[PDB]
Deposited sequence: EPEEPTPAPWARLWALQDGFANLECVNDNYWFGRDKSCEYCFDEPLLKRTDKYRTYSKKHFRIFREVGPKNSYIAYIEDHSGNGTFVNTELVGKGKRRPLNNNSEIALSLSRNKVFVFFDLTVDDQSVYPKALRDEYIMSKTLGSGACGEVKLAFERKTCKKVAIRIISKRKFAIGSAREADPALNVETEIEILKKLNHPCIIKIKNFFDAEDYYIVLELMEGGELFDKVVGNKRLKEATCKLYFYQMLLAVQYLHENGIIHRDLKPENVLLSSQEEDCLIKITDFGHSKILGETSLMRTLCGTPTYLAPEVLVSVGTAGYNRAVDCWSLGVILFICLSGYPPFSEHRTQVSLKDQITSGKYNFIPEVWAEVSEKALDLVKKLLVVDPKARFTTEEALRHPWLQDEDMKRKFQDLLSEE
């Protein structure tokens, strides 16, 4: 009934392949061994007599996070070698995937071990795997694991984020909340494509092939002012839409402003509902507006307005780090808007509506560009 957690592969003929289902396997000549060097083929060998009555064992054990770890334990006298190195008499070590087991001699390769407790797709609710193929981890979010997946038949990439129900289990909520987000229909917002419920919550989301605004801005590179304008415009529309649907972001940053292609001109899409923390929080819509200011500052300049006395002191006093050499090539209007957005007092800070009316954004050409991309 149970699925195998490991395959052992015989390298020399006169050895059987093993598929590990039980928790423990002894290898040796002894009749009592779960895996016995007894096959009358192997018996005529002289190196056969180099192997011990009870040579070595492979086994599982519960991992500190309810996981499973495979170990090998050498009990031989002429040695059990793993990837060339001797384990040793009475000694014990973890068994990595694709390990080589040699016996009596380092050169004498016998088995290759494969851990199946990896990709191990049984780990997921069947309803989900019937629909998707779970792939690599894409990152560690504010929720938990976001993993790559593929639609079984179309073979389309999707992102699946995984949150643990154990996380709130001391003393359900998400099910109603998902449906509200699911109804949302706008081309600059991430679509919540699907939703599953097992021991964990799985939330299938559309995957953005272009990745994060962050990457276009890390390493002292900067974006053409017009590209900044395009992106920020879209960011304003996005945030406003959220605000109008009673959602406040609270954690807007380049790593969750997503781009839709490797083309410079393209659709921005927002996700996930301290350099970026508002000063008033360091002491609710204004919060997102401060964030955009920062995102804007970084886009135009290629460096952050506040970096590492304290980072907190700089923010609460609202004296952003202004480098003339970097800003000289940026427009007066662009600089102006940034300043309006980076205002300590939230009652003074520009609102998104005020930002959209700001002169810097009065570009009927880039507005048309945005409209074009919606056709794309």
Completion exercise
Compared with the full deposited sequence, the modelled chain skips 1 to 5, 177 to 184, 287 to 304, 315 to 321, 347 to 350, 419
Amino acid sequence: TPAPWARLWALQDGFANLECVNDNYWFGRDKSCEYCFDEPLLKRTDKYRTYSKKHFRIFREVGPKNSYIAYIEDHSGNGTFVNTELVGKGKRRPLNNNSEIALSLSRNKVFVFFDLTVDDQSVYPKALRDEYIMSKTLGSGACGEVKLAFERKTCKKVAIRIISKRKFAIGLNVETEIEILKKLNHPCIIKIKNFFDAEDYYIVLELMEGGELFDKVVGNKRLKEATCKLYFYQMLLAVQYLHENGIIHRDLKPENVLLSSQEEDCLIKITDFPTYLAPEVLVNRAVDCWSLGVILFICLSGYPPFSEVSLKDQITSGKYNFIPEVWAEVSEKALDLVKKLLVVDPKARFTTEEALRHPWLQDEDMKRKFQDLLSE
From here on, numbers count along this sequence of modelled residues.
Practice task
Look up the CA B-factors in the entry and say which stretch, 37 to 45 or 343 to 351, has the higher mean.
Solution key: 37 to 45
Exercise for the section: Using the B-factors recorded in the PDB entry, average over the C-alpha atoms of 136 to 144 and of 248 to 256, then report which stretch comes out higher. Expected result: 136 to 144
Fill in the blank from the handout: Per the deposited entry, the peak Cα B-factor within the set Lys157, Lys216, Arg166, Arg161 goes to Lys216
Exercise for the section: Among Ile203, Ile298, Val281, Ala149, single out the one with the highest C-alpha B factor in the record, please. Expected result: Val281
Handout entry: Third assignment of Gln234 from its chain's C-alpha B-factors
Key = lowest
Fill in the blank from the handout: The third of the chain into which the C-alpha temperature factor of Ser76 falls is the middle
Handout entry: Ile58 by Cα B-factor - lowest, middle or highest third of the modelled chain
Key = lowest
Fill in the blank from the handout: Tertile call for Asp13 (CA temperature factor, within chain, third-based) is the middle
Problem - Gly210 by Cα B-factor - lowest, middle or highest third of the modelled chain - result: middle
